[PDB]
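Below is one structure, written out as structure tokens, with a few remarks after it.
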Amino acid sequence: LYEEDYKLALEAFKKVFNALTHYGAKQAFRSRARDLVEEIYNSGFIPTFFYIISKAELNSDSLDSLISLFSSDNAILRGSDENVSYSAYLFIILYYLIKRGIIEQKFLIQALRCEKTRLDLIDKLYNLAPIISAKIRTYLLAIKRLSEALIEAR
Amino acid sequence: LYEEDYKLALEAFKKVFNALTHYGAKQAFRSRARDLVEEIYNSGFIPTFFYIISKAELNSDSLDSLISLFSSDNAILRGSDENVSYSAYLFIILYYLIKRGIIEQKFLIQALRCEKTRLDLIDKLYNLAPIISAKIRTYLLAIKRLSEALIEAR
Amino acid sequence: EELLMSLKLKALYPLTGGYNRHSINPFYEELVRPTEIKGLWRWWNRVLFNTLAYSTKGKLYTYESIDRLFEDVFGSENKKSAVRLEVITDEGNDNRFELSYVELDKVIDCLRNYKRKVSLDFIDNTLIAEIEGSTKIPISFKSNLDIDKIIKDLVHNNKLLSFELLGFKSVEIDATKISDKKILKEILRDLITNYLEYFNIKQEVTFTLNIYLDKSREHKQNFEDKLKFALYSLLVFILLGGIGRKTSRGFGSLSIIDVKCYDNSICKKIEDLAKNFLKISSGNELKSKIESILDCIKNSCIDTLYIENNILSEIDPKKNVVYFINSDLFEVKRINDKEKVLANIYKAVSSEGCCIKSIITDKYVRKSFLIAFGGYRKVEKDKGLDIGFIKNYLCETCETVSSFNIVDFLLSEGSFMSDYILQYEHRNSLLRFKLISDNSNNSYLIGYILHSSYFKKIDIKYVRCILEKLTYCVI
Amino acid sequence: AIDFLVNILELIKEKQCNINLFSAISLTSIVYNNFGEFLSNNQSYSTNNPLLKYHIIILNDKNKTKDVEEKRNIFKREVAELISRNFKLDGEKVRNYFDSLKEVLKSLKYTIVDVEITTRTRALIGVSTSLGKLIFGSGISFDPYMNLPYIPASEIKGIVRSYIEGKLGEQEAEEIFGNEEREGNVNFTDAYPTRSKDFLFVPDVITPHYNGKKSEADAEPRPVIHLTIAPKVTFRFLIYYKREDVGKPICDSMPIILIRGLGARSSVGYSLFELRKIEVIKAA
Amino acid sequence: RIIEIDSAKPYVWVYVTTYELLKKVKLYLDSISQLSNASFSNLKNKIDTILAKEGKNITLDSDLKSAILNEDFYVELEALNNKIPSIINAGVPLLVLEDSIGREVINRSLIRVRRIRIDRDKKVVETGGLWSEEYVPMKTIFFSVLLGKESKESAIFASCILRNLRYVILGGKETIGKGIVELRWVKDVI
Amino acid sequence: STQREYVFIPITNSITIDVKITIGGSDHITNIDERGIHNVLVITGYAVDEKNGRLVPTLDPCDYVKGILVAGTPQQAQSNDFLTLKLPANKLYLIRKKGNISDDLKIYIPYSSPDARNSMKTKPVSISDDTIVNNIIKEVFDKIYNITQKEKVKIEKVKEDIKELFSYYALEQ
Amino acid sequence: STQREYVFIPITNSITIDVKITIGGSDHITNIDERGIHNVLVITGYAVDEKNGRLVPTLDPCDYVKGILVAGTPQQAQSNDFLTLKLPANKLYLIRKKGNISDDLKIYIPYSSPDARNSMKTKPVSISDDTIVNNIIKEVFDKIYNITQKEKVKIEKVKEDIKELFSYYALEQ
Amino acid sequence: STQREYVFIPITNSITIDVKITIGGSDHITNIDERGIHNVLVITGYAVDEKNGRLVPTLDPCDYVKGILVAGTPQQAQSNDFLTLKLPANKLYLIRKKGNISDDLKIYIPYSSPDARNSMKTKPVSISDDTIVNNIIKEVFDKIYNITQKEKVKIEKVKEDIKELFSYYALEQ
Amino acid sequence: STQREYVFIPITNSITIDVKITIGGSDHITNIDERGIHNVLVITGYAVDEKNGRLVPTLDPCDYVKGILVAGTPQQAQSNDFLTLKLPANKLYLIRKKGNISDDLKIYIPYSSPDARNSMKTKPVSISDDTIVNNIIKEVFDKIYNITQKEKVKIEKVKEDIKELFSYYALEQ
């Protein structure tokens, strides 16, 4: 009928394809995409989310880049290859969580701004893990397909 | 109510983060969380447990702060970074042992002081080692992830 | 990659420590720890760099900044040191402290059912086990090593060695409770070990010092020049101060036996400049050579190439301390008797030394000069003393009778330098000595005084007078 | 159960080659870290255990906490000496194991390169590993089933590869050791000590004064007792392959890398080895 | 890794099994004995001889009263018969522990070695170039069954190939010398 | 005390004469060292007011206006409509930090009245269109940091970052 | 059977004429086939003697001089000061073996007496300063392989793999 | 200055009469102190030629020989067949090192010509058949170190590491 | 700097005289390595005028002309009707990219007037008739790429691809 998850994946890959300026960051985000959907299927969402935020290094420098990618289109993720790969994938997940109204965008953005409320963000995510893991499947699979299509390998 | 290892790890990390005022202490705690897990596997949980306790160098005053950390949420670990980090990780392990109900809070708090107890604590640990080592490591892996995520790299 | 330069050296009574704080242990014998050579090389590199900067830039830099600058030559947590050391010592036998029999079996029954501070003494090649409970049983032992009583005399006639021997000679056994001939045997045997390994003091320990170089590994823009400066500083370290414990009192004083190069494009300027020291004519000529090398570091080499690069960091006075050199305090003499002068150094660097009684006769100023220059001294507020008296001669707001004075040392409110000068137990002595002598029977005595960054007023000519007089009296 | 901890030191002093050294050290670490408690307790005083010694010794008569704190450092030093003294190298396990493995590989038609290297100066290998880390803060690469310190095969392969790389270009390095797109061609095994003169482990110390200090004002010593691998120990490891054109570099590289370092802190001349013997057994 | 006082011989390591593993072995044997003419009464006897004495820790051939396995788990043992033959043809004892204490003792008995990658340009560890790996100790024993259907090619497969299959290279990391392994063929072992 | 000045950096060139100080002290918190801007400040919950562009206090956590700090005091004809405030150098949500601040500082904010007669419907807008990005280097970033073209011949770096680093939310009213 | 001539490849102008034959037979061992030089010979225990270039026979195994092979006989004025010997094409330290060789091979190498009139202080010499590479590609890599400017447009490939592969040890005296 | 004499130690008897300075002075490169043959020398890329044994130059990095260095000069009717060379005491690959060398030496090598008539396919040889170690002890080790049998009585100890430490490759043709 | 000229390859031989430069420098991005032409150029909105074939500028995004880009200058007789351009190597639609580019380039284009005098209907023209491929080899693939018939005995691997690697639009009007 709708396949709105594919539309959302498309309009999110639109963004993250225009923030990873350096090409290696694109190739590494593709690596993250081809793997984290399998990991989230097997080992649930909360463990994979912890593994993503850990490898992302969400220092306040990056967090500003994400909060800007939310609204702006001239945002650019800054960092190393893998750091921005995991930051882009975290943004993918958070975009889905916002657009589908699972989280309030005001609350999320206010959390990423502060160094403490990020813990409350992770907590509220923990309380919603089953619904999130049931919903985000098609979105993440679409993102995986887009990544392996529109990006050359290494 | 029973809380999963990730929920428990988040709940403990929250208050241990709100108790390391200085930032060098935070980075040292991260450095601990990232290797004490491999050490616990390689050298057992009881050897590594008492290594953490000793290296914490409690001095019966920081021990008071650690005990207060359970009750209050305004307590603050005090000492040097290379000691405050170990006190924080010691509290992490104690929070697990207490919350999972493996060892009573009165027993632990009565240990770490009053040297007569420490040895029967050793014996009790040797009784409960199969109970603890089953999942202490997957509780501490979540701590490793949370620390790598929400604490900058020194 | 390839071998840069070789050095053949020699040490005067090296006092190298180990895990047991001695030069020999039940397992191996290490008289020259290359770890100490690298550490002291880096320490002299930082000293020489702050010296060069202070002159030709006016400013000083923290140690962390200095070795962040030399990271690519000395290594750090983010880079392997480009120079590998390799100490090769002649007579590197498989020595090890082997103790055959001690045959106590009697002192055990002496100290049982009581508590005694069993001391030790080595009167006339006869180890006696003095007991504070008034007993002096003569112990009969046989050990692997042997002491020609020249070393026994060296230790006994030296107020310095005999002092640090206080820790290695006593145990306060308490055997009124549980006691056993089997465990007291172990205790007293390890005590005789801990006391006999102290007397492994060889003299004139030579060795080679290979220095390899990972040739390029990459060529940074300013590597080669930092390398050459590091070699200059290594040379300085060899010429000033040596290896081991108590180098500020002449022990383990290095002296070049031989030098060599293997990449002329790098070290030749050091090989010739060190061959310079292969034969010293007179004390005046040695002092001339020392002024020559320091001058060369200041004008006759690469003097300012990269200091203008923003990786260093200014020190903060009143909170940080660094040691540089004043090339005017280098009072060379001739000795021709090394044991005598090594013993006499104490007559200079002590509060009640004959060779310092005379120069600074106040008995309230000597303390100030020493606390300022003689490392750390133990002073506690009991009588009308330091907090009243020495504080005057150290607080900068004073009268010029005692020219020297600290920066942040205030009247009754010294904030940080008060502690570091009075309560910090690990502080090197600015007043240092050395006994370079090689390839010619004649032997010399450098006496120099490092310059700190906690002097905000200094009378060079006055302390130079004091240092001249000191270097004279000790000989 | 606690009697095991109380008697572990006696155990080391008596068995000396047939205790599991890994578990022995990990168990005596509990003693070392609860020292004051294991000390202030009626241990069922055994005339043969090393911890009775610290009841009759007296340090800093007045204060008790500092007395215990200095007794603990003495105990750490004694533990290091104990491990160094009693635990020696039986050696025959390794010879039999390597002979068997060589026969196996010969059956599999492998050109073998038997190599024995002797340690020149006392070596540190796997300092960041876990053996004594709980006591000394720095470990040794130890195989707690062969019960013998070992050099990891990965480490030897990596050093050999770095050398052959800097010698013959990354292209040839990958033509020998394989890149991320084709397998290697040379196989290494862990290095185990066959024979040792007198000791296997010996203590050592490192004392950073000015490591990471701003100035002379915060400097201080900080000694670190730690075990090393004594000199004259002779390790042994194999090298096998089938593409017979890869032996020539391995012949050349081996005697040259070992004169440089093979373990940790080699810049200050610690992990230096001699190529005692190279033996080759072609696949025929 | 075992530490134990009061033995006629100090052992450095010891084999360790749990009753669940032996149940699985018996299950394999039962299944293949139903699905084939083959019958292994020797193994089945040796195995249920043990399985009868389940619910407690057992030492097959030694005098170990109690021990500490992997420096974390203190176990009190009791001998089985001092008569039952050795299935693991090596005088090394065979502990057979109850589960929930054997599960950890075995999970904890592997070898986690840490490896790194050196930054060839500055000769330090590369960033993000540090990992651990689990190996299984040397002399570990895995039981398995190979099955075949009648073809007259299968007969030849079991007639010389399985009579000449002795050593193989399993798993990965062969170039670290971590693959070699030997097969026993119970039919000519037991 | 050491007093810095905040400035709105929108696409609106309403910043010509709004300060008194180019340097004042020997340092602005904002630095430009061959690598792009550093210590960029962010102010959240506020928006720009392009018609006389100023920081307006709305109550939306999404409205953020990044800007730069300069040691200064505004034009000695204000404090009627400028938010003056002093913070212990930590509550500063800074971006791309270079060093550390001295744990005390006073700053001013260009304030405009809430004007509760019109809905302050704000919209996001990024700084594009180098036409306005080229001049704004001279318009403010040179008149203040006149080391521009005296140290940086690679202006395009400090040109491409502001193209992407600085942003705000816009009333468009 | 056949015969080959070895030639050192240093950064110095000792490469012009130590060889007389250019092609000789049909096949030279060393080939450049759309992936770079192949079948390069490495010799250890020897250093080069750039001043009158020859391989000085030393004993240190660490020193080495790599070169390339061609078929022929030396200059019709030697075989009294050369290490002439025949090896069965499998005892050669060959690098990047393209094909297999006929297991019969006699090689001529520039020898020089070790000159026991000074301590042989050899040093490692890596080929840098690419204009040197452009001179040595013309002096011999053209005088040997006419394929330069006959098929190769990717000469920047053979330039760089020579830059990174060919190293040697010289007395530098 | 100091001139050292190398003597190949294969299992052949070509070492009987080949040096003239048996003692001369009082220093040696190779020694013997209660623990084995200290400071043994090994040379790579060379093999022996048992028929009047000499070291033929090959180019295989696996080809090596183990011998000892003593103070001597051969027969005073030679230096037409030996490689006289001087090395700075670090170009010596020495096993069982004991003493710190004097940074300079001069070495004579028992050398043969490459014999460019047949390929030198070699094969290693080990030291066994104690009748081969029994005699050489009196041929070289007691002809030189007469202090043996006068300081050392456990020649059996030396009979071990001679059977073990020393090896070499031989032409067998 | 660098100058390159793109030469159309339609089915007509109007190209024979449209450049004067055969090599000029040493590297044309159009390369041939044993497998066919690499780094082929394609431009949009353009269709050619085979009768004295020049690039008519159309606007149809389907209008593409496939040719090879060679270094040179056109005939030294033009730029009064030929388009010149300077593009930094990231604005060139190169297909079959094997080697990389020099990060900048000046391009010339054989242009013709729009000729606003008829409906500019272009025709899809695919290179067929390998007989015409043949002369095309000897006309340009041999004059410029002289390496033909010297190295490639597999000219069919350059004959089969041009029948497919090159198709374009012509006006036929």
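Order determines the names: the first chain of the structure tokens is A, the second B, and so forth; residues in each chain are numbered 1 upward, and ligands are numbered 1 upward as they are shown.
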
Residues at most 12 Å from residue I:17, counting only C-alpha atoms, excluding those fewer than 4 positions away in the same chain, as a short mmCIF file (atom, residue, chain, number, x, y, z; two decimals) with N, CA and C atoms, in the first residue's frame?
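Listed below is the output, result-v2.cif:
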```
data_model
loop_
_atom_site.label_atom_id
_atom_site.label_comp_id
_atom_site.auth_asym_id
_atom_site.auth_seq_id
_atom_site.Cartn_x
_atom_site.Cartn_y
_atom_site.Cartn_z
N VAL I 7 38.72 14.69 -29.54
CA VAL I 7 38.49 14.45 -30.96
C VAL I 7 37.31 13.50 -31.10
N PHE I 8 36.27 13.97 -31.78
CA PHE I 8 35.10 13.15 -32.07
C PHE I 8 35.48 11.90 -32.83
N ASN I 13 35.09 10.28 -41.77
CA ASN I 13 36.50 10.65 -41.66
C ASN I 13 36.71 12.15 -41.87
N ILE I 21 48.65 18.22 -33.42
CA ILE I 21 49.48 17.66 -32.37
C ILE I 21 49.20 16.17 -32.24
N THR I 22 50.26 15.37 -32.29
CA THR I 22 50.18 13.92 -32.16
C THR I 22 50.45 13.47 -30.73
N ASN I 52 31.87 17.54 -42.71
CA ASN I 52 32.81 18.38 -41.98
C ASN I 52 32.46 18.36 -40.49
N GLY I 53 32.54 17.15 -39.93
CA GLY I 53 32.06 16.86 -38.59
C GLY I 53 32.58 17.75 -37.49
N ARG I 54 31.69 18.56 -36.93
CA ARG I 54 31.99 19.39 -35.79
C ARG I 54 30.85 19.26 -34.79
N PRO I 74 44.43 22.38 -31.48
CA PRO I 74 43.82 22.10 -32.79
C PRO I 74 44.42 22.88 -33.94
N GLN I 75 45.29 22.23 -34.72
CA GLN I 75 45.68 22.70 -36.05
C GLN I 75 46.44 24.03 -36.00
N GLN I 76 46.58 24.61 -34.81
CA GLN I 76 46.98 26.01 -34.63
C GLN I 76 46.31 26.90 -35.67
N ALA I 77 45.01 26.67 -35.88
CA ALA I 77 44.28 27.37 -36.93
C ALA I 77 42.88 27.78 -36.49
N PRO I 110 36.02 20.82 -30.63
CA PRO I 110 35.71 21.20 -32.01
C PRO I 110 34.25 21.57 -32.15
N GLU I 139 43.74 5.64 -39.47
CA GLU I 139 43.61 7.08 -39.66
C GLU I 139 44.03 7.85 -38.41
N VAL I 140 43.57 7.43 -37.24
CA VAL I 140 43.84 8.13 -35.99
C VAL I 140 44.46 7.20 -34.95
N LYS I 143 48.12 6.98 -36.46
CA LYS I 143 48.86 8.23 -36.47
C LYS I 143 49.16 8.69 -35.05
#
```

Exercise for the section: Using all C-alpha atoms matched in sequence order, least-squares fit chain I onto chain H and give the RMSD rounded to one decimal in Å. Expected result: 0.8 Å

Exercise for the section: Taking only C-alpha atoms into account, report as a ChimeraX atom specification which residues of chain B lie within 6 Å of chain A. Expected result: /B:145,148-149

Problem - Selection near stretch 146-153 of chain F, 10 Å with only C-alpha atoms, sequence-local residues under 2 positions removed, as a VMD selection string - result: chain F and resid 22 to 23 32 to 35 137 to 138 140 to 144 155 to 158

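Across the model, the gap from atom CA of residue D:210 to atom CA of residue C:27 is 28.5 Å.
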
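Across the structure, atom CA of residue C:20 and atom CA of residue D:213 are spaced 25.4 Å apart.
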
Problem - Over all C-alpha atoms paired in order - RMSD of chain B on chain A - result: 1.9 Å

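The space separating atom CA of residue C:101 from atom CA of residue C:165 comes to 23.0 Å.
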
Practice task
Would you list the contacts of residue E:22 as a ChimeraX atom specification, taking every protein, DNA or RNA residue within 12 Å and counting only C-alpha atoms, but skipping same-chain residues closer than 2 positions in sequence?
Solution key: /E:16-20,24-29,43-54,87,96-99,142-143

Okay, now the selection with C-alpha atoms, as a JSON list (two decimals), in the first residue's frame?
```json
[["chain", "number", "residue", "atom", "x", "y", "z"],
["E", 16, "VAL", "CA", 36.88, -31.29, 32.68],
["E", 17, "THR", "CA", 33.46, -32.52, 31.52],
["E", 18, "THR", "CA", 29.87, -32.00, 32.57],
["E", 19, "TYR", "CA", 27.01, -34.45, 32.67],
["E", 20, "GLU", "CA", 25.17, -32.59, 29.91],
["E", 24, "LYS", "CA", 24.76, -35.49, 24.39],
["E", 25, "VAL", "CA", 27.42, -38.08, 23.63],
["E", 26, "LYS", "CA", 25.10, -40.88, 24.69],
["E", 27, "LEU", "CA", 22.38, -39.29, 22.56],
["E", 28, "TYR", "CA", 24.61, -39.30, 19.49],
["E", 29, "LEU", "CA", 25.49, -42.93, 20.12],
["E", 43, "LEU", "CA", 31.46, -46.43, 24.83],
["E", 44, "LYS", "CA", 27.86, -46.64, 25.97],
["E", 45, "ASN", "CA", 28.89, -48.73, 28.97],
["E", 46, "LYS", "CA", 31.78, -46.44, 29.90],
["E", 47, "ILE", "CA", 29.45, -43.46, 29.62],
["E", 48, "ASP", "CA", 26.42, -44.61, 31.56],
["E", 49, "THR", "CA", 28.77, -46.02, 34.18],
["E", 50, "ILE", "CA", 29.48, -42.34, 34.80],
["E", 51, "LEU", "CA", 26.00, -40.96, 34.15],
["E", 52, "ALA", "CA", 24.64, -43.17, 36.92],
["E", 53, "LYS", "CA", 26.67, -41.09, 39.38],
["E", 54, "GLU", "CA", 25.30, -37.71, 38.37],
["E", 87, "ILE", "CA", 38.26, -42.81, 27.62],
["E", 96, "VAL", "CA", 33.14, -34.65, 35.51],
["E", 97, "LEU", "CA", 31.24, -31.83, 37.16],
["E", 98, "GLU", "CA", 27.58, -31.16, 37.62],
["E", 99, "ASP", "CA", 26.22, -28.49, 35.35],
["E", 142, "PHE", "CA", 35.55, -32.96, 20.58],
["E", 143, "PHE", "CA", 33.37, -35.98, 19.92]]
```

Practice task
Considering only C-alpha atoms, return as a PyMOL selection string whatever protein or nucleic-acid residues lie within 10 Å of stretch 130-135 of chain A, sequence-local ones (same chain, fewer than 2 positions apart) excluded.
Solution key: chain A and resi 5+40-41+44-46+93+96-97+100+102+125-128+137-140

Handout entry: Residues of chain H within 7 Å of chain G, counting only C-alpha atoms, as a VMD selection string
Key = chain H and resid 43 to 44 59 to 61 84 to 88 91 to 93 114 to 116 118 to 120

Export N, CA, C and O atoms of the chosen residues as a PDB file, in the first residue's frame?
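Wrote it out as result.pdb, contents follow:
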```pdb
ATOM      1  N   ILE H  43      78.953 -17.322   9.069  1.00  0.00           N
ATOM      2  CA  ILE H  43      78.934 -16.563   7.828  1.00  0.00           C
ATOM      3  C   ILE H  43      77.843 -17.131   6.936  1.00  0.00           C
ATOM      4  O   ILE H  43      77.692 -18.354   6.834  1.00  0.00           O
ATOM      5  N   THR H  44      77.086 -16.250   6.296  1.00  0.00           N
ATOM      6  CA  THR H  44      75.977 -16.662   5.454  1.00  0.00           C
ATOM      7  C   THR H  44      76.380 -16.653   3.985  1.00  0.00           C
ATOM      8  O   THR H  44      77.366 -16.030   3.585  1.00  0.00           O
ATOM      9  N   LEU H  59      75.227 -17.690  -3.340  1.00  0.00           N
ATOM     10  CA  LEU H  59      74.358 -16.543  -3.114  1.00  0.00           C
ATOM     11  C   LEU H  59      73.043 -16.952  -2.467  1.00  0.00           C
ATOM     12  O   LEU H  59      72.026 -16.280  -2.663  1.00  0.00           O
ATOM     13  N   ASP H  60      73.042 -18.046  -1.718  1.00  0.00           N
ATOM     14  CA  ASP H  60      71.841 -18.514  -1.052  1.00  0.00           C
ATOM     15  C   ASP H  60      71.825 -18.017   0.383  1.00  0.00           C
ATOM     16  O   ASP H  60      72.779 -18.278   1.124  1.00  0.00           O
ATOM     17  N   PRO H  61      70.775 -17.319   0.821  1.00  0.00           N
ATOM     18  CA  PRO H  61      70.735 -16.849   2.210  1.00  0.00           C
ATOM     19  C   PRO H  61      70.553 -17.965   3.216  1.00  0.00           C
ATOM     20  O   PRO H  61      70.760 -17.730   4.412  1.00  0.00           O
ATOM     21  N   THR H  84      91.346 -11.270   2.761  1.00  0.00           N
ATOM     22  CA  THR H  84      91.750 -10.328   3.790  1.00  0.00           C
ATOM     23  C   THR H  84      90.786  -9.150   3.804  1.00  0.00           C
ATOM     24  O   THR H  84      90.512  -8.545   2.764  1.00  0.00           O
ATOM     25  N   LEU H  85      90.254  -8.840   4.983  1.00  0.00           N
ATOM     26  CA  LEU H  85      89.336  -7.718   5.118  1.00  0.00           C
ATOM     27  C   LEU H  85      89.314  -7.269   6.570  1.00  0.00           C
ATOM     28  O   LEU H  85      89.595  -8.044   7.486  1.00  0.00           O
ATOM     29  N   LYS H  86      88.978  -6.000   6.761  1.00  0.00           N
ATOM     30  CA  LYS H  86      88.920  -5.383   8.076  1.00  0.00           C
ATOM     31  C   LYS H  86      87.517  -4.844   8.300  1.00  0.00           C
ATOM     32  O   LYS H  86      86.982  -4.125   7.450  1.00  0.00           O
ATOM     33  N   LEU H  87      86.926  -5.201   9.435  1.00  0.00           N
ATOM     34  CA  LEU H  87      85.550  -4.862   9.755  1.00  0.00           C
ATOM     35  C   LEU H  87      85.471  -4.254  11.145  1.00  0.00           C
ATOM     36  O   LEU H  87      86.294  -4.564  12.011  1.00  0.00           O
ATOM     37  N   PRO H  88      84.498  -3.378  11.384  1.00  0.00           N
ATOM     38  CA  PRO H  88      84.414  -2.712  12.691  1.00  0.00           C
ATOM     39  C   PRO H  88      83.701  -3.519  13.768  1.00  0.00           C
ATOM     40  O   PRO H  88      82.877  -2.970  14.507  1.00  0.00           O
ATOM     41  N   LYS H  91      80.103  -6.043  12.055  1.00  0.00           N
ATOM     42  CA  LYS H  91      79.771  -6.830  10.881  1.00  0.00           C
ATOM     43  C   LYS H  91      80.062  -8.310  11.085  1.00  0.00           C
ATOM     44  O   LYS H  91      80.121  -9.070  10.113  1.00  0.00           O
ATOM     45  N   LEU H  92      80.253  -8.720  12.333  1.00  0.00           N
ATOM     46  CA  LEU H  92      80.525 -10.102  12.697  1.00  0.00           C
ATOM     47  C   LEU H  92      79.279 -10.688  13.340  1.00  0.00           C
ATOM     48  O   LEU H  92      78.836 -10.206  14.388  1.00  0.00           O
ATOM     49  N   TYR H  93      78.723 -11.725  12.728  1.00  0.00           N
ATOM     50  CA  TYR H  93      77.561 -12.388  13.304  1.00  0.00           C
ATOM     51  C   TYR H  93      78.071 -13.474  14.240  1.00  0.00           C
ATOM     52  O   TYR H  93      78.478 -14.552  13.800  1.00  0.00           O
ATOM     53  N   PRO H 114      84.705 -19.557  -7.119  1.00  0.00           N
ATOM     54  CA  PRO H 114      83.321 -20.020  -7.314  1.00  0.00           C
ATOM     55  C   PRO H 114      83.184 -21.286  -8.143  1.00  0.00           C
ATOM     56  O   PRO H 114      82.113 -21.902  -8.106  1.00  0.00           O
ATOM     57  N   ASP H 115      84.214 -21.693  -8.889  1.00  0.00           N
ATOM     58  CA  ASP H 115      84.175 -22.907  -9.709  1.00  0.00           C
ATOM     59  C   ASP H 115      82.986 -22.876 -10.676  1.00  0.00           C
ATOM     60  O   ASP H 115      82.023 -23.638 -10.567  1.00  0.00           O
ATOM     61  N   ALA H 116      83.079 -21.947 -11.627  1.00  0.00           N
ATOM     62  CA  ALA H 116      82.030 -21.757 -12.627  1.00  0.00           C
ATOM     63  C   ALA H 116      82.113 -22.831 -13.715  1.00  0.00           C
ATOM     64  O   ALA H 116      82.333 -22.557 -14.894  1.00  0.00           O
ATOM     65  N   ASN H 118      80.135 -26.167 -12.714  1.00  0.00           N
ATOM     66  CA  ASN H 118      78.964 -26.964 -12.386  1.00  0.00           C
ATOM     67  C   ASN H 118      78.200 -26.241 -11.291  1.00  0.00           C
ATOM     68  O   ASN H 118      78.801 -25.569 -10.448  1.00  0.00           O
ATOM     69  N   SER H 119      76.878 -26.376 -11.309  1.00  0.00           N
ATOM     70  CA  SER H 119      76.056 -25.699 -10.319  1.00  0.00           C
ATOM     71  C   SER H 119      76.336 -26.255  -8.928  1.00  0.00           C
ATOM     72  O   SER H 119      76.437 -27.471  -8.742  1.00  0.00           O
ATOM     73  N   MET H 120      76.465 -25.357  -7.950  1.00  0.00           N
ATOM     74  CA  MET H 120      76.835 -25.734  -6.585  1.00  0.00           C
ATOM     75  C   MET H 120      75.580 -26.039  -5.767  1.00  0.00           C
ATOM     76  O   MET H 120      75.228 -25.348  -4.810  1.00  0.00           O
TER      77      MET H 120
END
```

Problem - Residues of chain D within 9 Å of chain E, counting only C-alpha atoms, as a count of residues only - result: 44
